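Chains A and A', in that order, give the protein sequences. A prime marks a further copy of an entry chain.
Be aware that the first sequence starts at 3, since it is given in PDB author numbering, and climbs by one per residue.
Be aware that the second sequence starts at 3, since it is given in PDB author numbering, and climbs by one per residue.
We put the CB at the ideal spot given by N, CA and C, even for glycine.
Worksheet: the structure to be examined is printed underneath.
Protein chains: 2
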Amino acid sequence: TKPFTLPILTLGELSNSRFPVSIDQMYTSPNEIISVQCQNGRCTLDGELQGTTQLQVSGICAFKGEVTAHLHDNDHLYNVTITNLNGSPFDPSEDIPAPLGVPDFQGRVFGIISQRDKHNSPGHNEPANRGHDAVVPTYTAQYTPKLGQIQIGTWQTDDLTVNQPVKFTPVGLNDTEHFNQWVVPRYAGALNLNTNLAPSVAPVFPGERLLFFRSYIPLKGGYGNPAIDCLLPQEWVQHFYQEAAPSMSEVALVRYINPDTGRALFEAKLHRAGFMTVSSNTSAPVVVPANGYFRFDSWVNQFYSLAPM
Amino acid sequence: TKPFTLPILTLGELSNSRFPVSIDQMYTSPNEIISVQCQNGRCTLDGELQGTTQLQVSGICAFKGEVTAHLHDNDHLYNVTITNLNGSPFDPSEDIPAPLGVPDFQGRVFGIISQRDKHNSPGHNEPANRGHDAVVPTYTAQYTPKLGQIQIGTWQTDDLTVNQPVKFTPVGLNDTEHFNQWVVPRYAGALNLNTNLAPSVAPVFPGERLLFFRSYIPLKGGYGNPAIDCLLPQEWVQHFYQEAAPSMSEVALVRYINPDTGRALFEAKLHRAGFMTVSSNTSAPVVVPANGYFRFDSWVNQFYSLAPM
């Protein structure tokens, strides 16, 4: 049986799987956050990608599509018929919640909408281009990527062309209004239940809480320090997908190694579904040396009582 | 911003974009024709060719290919593997509904199939040739140009050579059986939805109807006076493609000018998608002086109430 492994990466070498930025810290879940159900950064230990998870950092919270309408009520709004990230048509009958990569939380995502026209004009051997600041609200009835359509807003009011293809590059949040990182959008609107979701995850043992890989992401304006917590770094998603090592129990015991001594600084349960819990009474950053890294030690079971940290 | 313009052409100088004949009249749409979706003569005001539209009159309802079979069930039938109009292989993965130029309506198209053999015979410094009357039905399961094949019929029964290249020059309809100018063929047959179609067009304002450029095309036999209505003259397609002027709103207000006075005889909405509507309660020819011509006056919006005509 192919042994299960983690890649060998320090905190400074880990990428967030829910927003395309570097990890800032490990962080234990607050008391009020007992269960979560994010859809990016979801992969079982045996290498099954789930939810809206795909392999590339450049796909996380990104999308592609075609501008299909410029709204006159508010000349700052445009409807986009989305595609898959590779540009191919999105088939809503596919067994996924929404096109892979789309945002998996409620918020006002800020980035750039870039448009390169599909054909050249006589006299020009390259296509025309225009790009602009844009906001993508994910908490409204207009965010229906599973129905093939998302609505965006710009600050400019007549420089996206209808029927030309777009790419959205996420940067951060526009503001913290309506930001709830743990509320999954209604990908097909209110008449339809989300389908094919990655399952909820939670500690099942008293005294345990979730261990997150956290990034503090940009904010275009206002006060705030918004956090995006992921269950697995993108590199672990990528590694498990490559390896497809069979899971021998429901819980992999992992230890954070200090390579100067070879000793464990703390231990965690890495559950088969692809998330970790720790025995901790506090919600706070987990301070570790820059050179430390997680290592798989052994398959255990769900009754294992972790050493407090 | 490059200003949008029309060419300066009278009715007698306009070419149909859906059949390779001269325009006979302008004609307002019947009450039963509220929406259409033709695929030739499709071009946005900013110069994006759409559907099966190409630039040359000689391509409209024409095709090229190779005879690949002579049928014995009915010795009057031949299968043709079609190419692009320039003779290059047709790639069915290309983002178009069918090779550019093919007929975009249901009917029995009459023309000449001409065959010039690919190599010379010893003793002859030029290739052998044969041409014959032919009919191309576009409404049957045998019309599958997007799958690379069209079936034709002749009156002669052994004078097209298998494996030699053909050119179809359209002339008119054979008869009016199965003629419906507004039903788009199933370019890839019944198992496949048409792809990459130019969109449907319709008035969106009460009292308005479509304004067509109409030709009465030849009929090989029987009773009839068949009309082909196009949304844009071929010269407007060609001009918009050359100019690629950005569209400043969804509707260009155009006026039909009487040059003897400089005054407008009527006005129309020229929509961004490339079609016109007028405020009219009747469906009939629009009688104008031979010297009149359309002129772009201003960008307006979709709420503009046209003067009745």
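For residue i: DSSP bridge partner residues
i, result
"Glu-68/A'", "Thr-83/A' and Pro-167/A'"
"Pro-287/A'", "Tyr-29/A'"
"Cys-45/A", "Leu-51/A"
"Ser-17/A", "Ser-24/A"
"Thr-279/A'", "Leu-212/A' and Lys-271/A'"
"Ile-219/A'", "None, per the DSSP bridge assignment."
"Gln-240/A", "DSSP output for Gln-240/A lists no bridge partner at all."
"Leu-175/A'", "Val-111/A' and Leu-221/A'"
"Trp-301/A", "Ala-254/A"
"residue 2/A", "This structure cannot speak to residue 2/A, because chain A is shown only from 3 to 311."
"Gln-151/A", "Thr-83/A and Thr-146/A"
"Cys-63/A", "BP columns for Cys-63/A are empty, so no partner."
"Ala-266/A'", "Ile-259/A'"
"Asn-182/A", "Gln-108/A"
"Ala-136/A", "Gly-113/A and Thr-156/A"
"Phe-296/A'", "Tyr-258/A'"
"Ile-230/A'", "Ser-217/A'"
Nearest residue (CA-CA) to residue i, options the options
i, options, result
"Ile-35/A'", "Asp-48/A', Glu-210/A', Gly-276/A' and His-78/A'", "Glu-210/A'"
"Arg-118/A'", "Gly-125/A', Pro-124/A', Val-69/A' and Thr-156/A'", "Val-69/A'"
"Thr-12/A", "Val-164/A, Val-138/A, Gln-144/A and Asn-260/A", "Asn-260/A"
"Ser-116/A", "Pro-228/A, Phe-65/A and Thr-54/A", "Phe-65/A"
"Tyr-145/A", "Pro-129/A, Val-206/A, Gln-166/A and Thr-83/A", "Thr-83/A"
"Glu-96/A'", "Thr-54/A', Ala-143/A', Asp-262/A' and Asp-160/A'", "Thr-54/A'"
"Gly-226/A", "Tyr-189/A, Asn-176/A, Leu-162/A and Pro-147/A", "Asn-176/A"
"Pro-9/A'", "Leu-267/A', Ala-309/A', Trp-238/A' and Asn-76/A'", "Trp-238/A'"
"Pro-310/A", "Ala-190/A, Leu-195/A, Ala-266/A and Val-23/A", "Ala-266/A"
"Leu-308/A", "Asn-283/A, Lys-169/A, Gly-224/A and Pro-220/A", "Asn-283/A"
"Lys-4/A'", "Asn-76/A', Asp-161/A', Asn-165/A' and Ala-246/A'", "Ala-246/A'"
"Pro-32/A'", "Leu-16/A', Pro-205/A', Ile-219/A' and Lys-222/A'", "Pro-205/A'"
"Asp-93/A", "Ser-281/A, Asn-293/A, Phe-268/A and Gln-151/A", "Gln-151/A"
"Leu-149/A'", "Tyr-306/A', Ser-24/A', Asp-160/A' and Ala-190/A'", "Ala-190/A'"
"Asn-76/A", "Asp-160/A, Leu-193/A and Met-28/A", "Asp-160/A"
"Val-138/A'", "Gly-224/A', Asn-122/A', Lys-169/A' and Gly-125/A'", "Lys-169/A'"
"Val-289/A", "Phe-305/A, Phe-268/A and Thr-263/A", "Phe-268/A"
"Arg-274/A", "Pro-124/A, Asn-194/A and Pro-201/A", "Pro-201/A"
Own chain partners of residue i with C-beta closer than 8 Å, once the 5 adjacent residues on each side are dropped
i, result
"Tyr-243/A", "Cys-45, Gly-49, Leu-51 and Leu-57"
"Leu-233/A", "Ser-19, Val-38, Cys-40, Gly-43, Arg-44, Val-203, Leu-212, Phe-214, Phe-215, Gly-276, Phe-277 and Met-278"
"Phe-107/A", "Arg-20, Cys-40, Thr-140, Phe-181, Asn-182, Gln-183, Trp-184, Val-185, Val-186, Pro-187 and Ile-230"
"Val-302/A'", "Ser-251, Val-253, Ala-254, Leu-255 and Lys-271"
"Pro-91/A", "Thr-85"
"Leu-162/A'", "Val-69, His-72, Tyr-80, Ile-115, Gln-117, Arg-132, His-134, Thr-156 and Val-168"
"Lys-120/A", "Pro-129, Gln-166 and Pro-167"
Same chain, Cβ closer than 6 Å to residue i, five either side skipped, listed in chain order
i, result
"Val-256/A", "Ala-270, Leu-272, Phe-296 and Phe-298"
"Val-164/A", "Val-69 and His-72"
"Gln-27/A'", "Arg-216 and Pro-287"
"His-126/A'", "none"
Nearest-angstrom Cβ-Cβ length linking residue i and residue j, presumed shorter than 8 Å
i, j, result
"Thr-7/A'", "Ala-286/A'", "The Cβ separation is near 29 Å, so there is no contact."
"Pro-101/A'", "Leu-87/A'", "7 Å"
"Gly-89/A'", "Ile-62/A'", "Rounded, the Cβ-Cβ distance is 17 Å, inconsistent with contact."
"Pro-172/A", "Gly-113/A", "4 Å"
"residue 2/A", "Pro-105/A", "Summary: the structure shown does not reach residue 2/A, with chain A confined to residues 3 through 311, and so no result is reported for it."
"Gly-174/A", "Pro-208/A", "No, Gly-174/A and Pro-208/A are not in contact; Cβ-Cβ is about 37 Å, not under 8 Å."
"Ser-17/A'", "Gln-236/A'", "4 Å"
"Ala-143/A'", "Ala-192/A'", "7 Å"
"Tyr-258/A'", "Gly-223/A'", "Rounded, the Cβ-Cβ distance is 37 Å, inconsistent with contact."
Beta-carbon proximity list for residue i, same chain, < 7 Å, skipping 5 on both sides
i, result
"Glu-179/A'", "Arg-110"
"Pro-99/A", "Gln-41, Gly-53, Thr-54, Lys-148, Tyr-189, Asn-196, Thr-197, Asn-198 and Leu-199"
"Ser-281/A'", "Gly-209, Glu-210, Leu-308, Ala-309, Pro-310 and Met-311"
"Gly-14/A", "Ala-292"
"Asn-122/A", "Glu-128 and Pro-129"
"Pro-248/A", "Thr-3, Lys-4 and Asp-48"
"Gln-240/A", "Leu-57"
"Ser-300/A'", "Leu-255"
Cutoff 8 Å: residue i Cβ touching any chain D Cβ
i, result
"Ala-204/A'", "Going by chain labels, chain D is absent from the structure shown, which instead holds the protein chains A and A'."
Three CB pairs or more closer than 8 Å across the segment 127–134 of chain A' and the segment 149–168 of chain A': At 8 Å Cβ cutoff, the stretches touch.
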